[PDB]
Ligand SMILES: COc1ccc(C(=O)NCC(N)=O)cc1
Ligand SMILES: [Cl-]
Ligand SMILES: [Cl-]
Ligand SMILES: [Cl-]
Ligand SMILES: [Cl-]
Ligand SMILES: [Mn+2]
């Protein structure tokens, strides 16, 4: 029946069911003040779906010059046309190929660039901003968003939103690699999955997705969203509490040294954004440091709320279009303060 909310991660993650429900703040407040991430489903049903297709991005902006990253080896592909990315989004045989002759898993880097989203795409901006959940926290002029209200003693976020576009990771070896490596942000963020592209040509890649989710350490209720409701899964997230950041640094310093890296003892492997925590490193983090995270599968229309200071990483299961907005909640303002 109509339910206001449910729990995922064996009770540890709030999942709100109606993104426009004026009472969401009452349940959200409590979980958010404890430094938890939150998931809101059903945002895709609020959007104009014709504005968020790969084909329309290709047609309208195809001639713009961009760089891409090879997600498998971190190689940068320099000064190509953005249509070279979009036209292989879903059709595998159209994708740029590596020396080995295999179609590459690519991320479109920094597009639209800097703070240009609103200028380049005024109709998309309107469609997203008008349908963000928890609007008092997430809108530019929201009463509980301090972004526009803080003095220079605070690190203020850029004007957004930002778009995150990348292919899905495919093989058994791709399971140990990230779309976005482990990092943290000094402000809060909401990340919405506006489109999930399920590719064709090698269109029998269903079972590898399920083994990645399973090995990802995803909860039984999350697996029921696929098998029962036939929802489209986009990305596997791992998020850790802000207060566990330094323990994670201690693990990654030790593993670095083990792997022959020669780093100063105070260097910051989270700020380096060079690590993905695979099943081996997540197990080790649990056993040797007593740190546990949230394994979150972001489906089409799912909004992921990321607390300020929380280390997080992303692994695309299929090809994803994501749009993210920064904000500064009073709950977490400490994380962007320039003193002590
Ligand atoms: C910050 O400490 C914790 C401790 C435990 C969890 C948890 O139950 N995770 C389950 C899952 N499937 O991801 C989340 C956070
Ligand atoms: Cl906090
Ligand atoms: Cl537009
Ligand atoms: Cl609100
Ligand atoms: Cl990255
Ligand atoms: Mn981020």
### Message
Out of all DSSP beta bridges in the chain, what portion is antiparallel? Express it as a percent rounded to 5.
### Response
95 percent
### Query
So which residue, out of 114, 234, 160, gets the largest mean-square fluctuation from a GNM of the chain using Cα contacts under 10 Å as springs?
114
### Query
How far apart, in nm, are the 7 Å Cα→Cβ label points at residue 79 and residue 17?
5.5 nm
### Query
Calculated FRET efficiency, residue 272 and residue 67, Cβ-Cβ r, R0 22 Å, to nearest 0.05?
0.65
### Query
Taking the highest mean first, how do the peptides 169-179, 324-334, 25-35 order by number of other beta carbon atoms within 10 angstrom per residue?
324-334, 169-179, 25-35
## Note on the structure
In terms of the alpha carbon gyration tensor, root eigenvalues a ≥ b ≥ c, rounded if a/c is under 1.5 and otherwise prolate when a/b exceeds b/c or oblate, region 185-340 is oblate
### Summary
Row for region 251-340, column shape: gyration tensor on C-alpha, a ≥ b ≥ c, rounded if a/c < 1.5 i.e. under 1.5, prolate if a/b over b/c, else oblate; value oblate
### Task
Averaging sequence separations of C-alpha pairs under 8 Å and six or more residues apart, then dividing by the length of the chain, give the relative contact order as a whole percent.
27 percent
### Query
Starting at 0 and stepping by 20 Å, how many percent of the alpha carbon pairs of the chain end up in each bin?
30, 62, 8
### Query
What's the center-to-center distance, using Cα atoms, between region 1-52 and region 299-340 in Å?
15 Å
### Query
By what distance, in whole Å, do the Cα atoms of region 297-340 stretch along each of the three principal axes, largest value first?
42, 17, 14
### Query
When the chain is fully extended, how far beyond the present Cα-Cα distance does residue 288 get from residue 29, taking 0.36 nm per residue of separation?
90.0 nm
### Query
Residues in region 92-134 near a label at residue 51, defined as backbone nitrogen under 20 Å from the 7 Å Cα→Cβ point?
111-134
### Query
In what sequence, highest mean first, do 310-323, 203-216 appear when ranked by Cβ atoms within 10 angstrom?
310-323, 203-216
## Note on the structure
For residue 259 and residue 247, extending 7 Å from Cα along the Cα-Cβ vector and measuring point to point gives, in nm, a value of 2.1 nm
## Note on the structure
By the C-alpha gyration tensor axes a ≥ b ≥ c (rounded if a/c is under 1.5, else prolate when a/b exceeds b/c, else oblate), the shape of region 60-186 is prolate
### Message
Run the Debye formula on the Cα coordinates of region 2-133, all scatterers equal and no solvent, and tell me log10 I(q)/I(0) at q = 0.11, 0.18, 0.21 1/Å.
### Response
-0.61, -1.02, -1.12
### Message
Distance between the C-alpha centers of region 175-238 and region 72-146? Whole Å please.
### Response
17 Å
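Where a number appears in this text, it was derived from the coordinates with a stated rule and is not lab data. Positions of Cβ are backbone-derived with ideal geometry, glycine not excepted, and every protein chain shown enters the neighbour counts.
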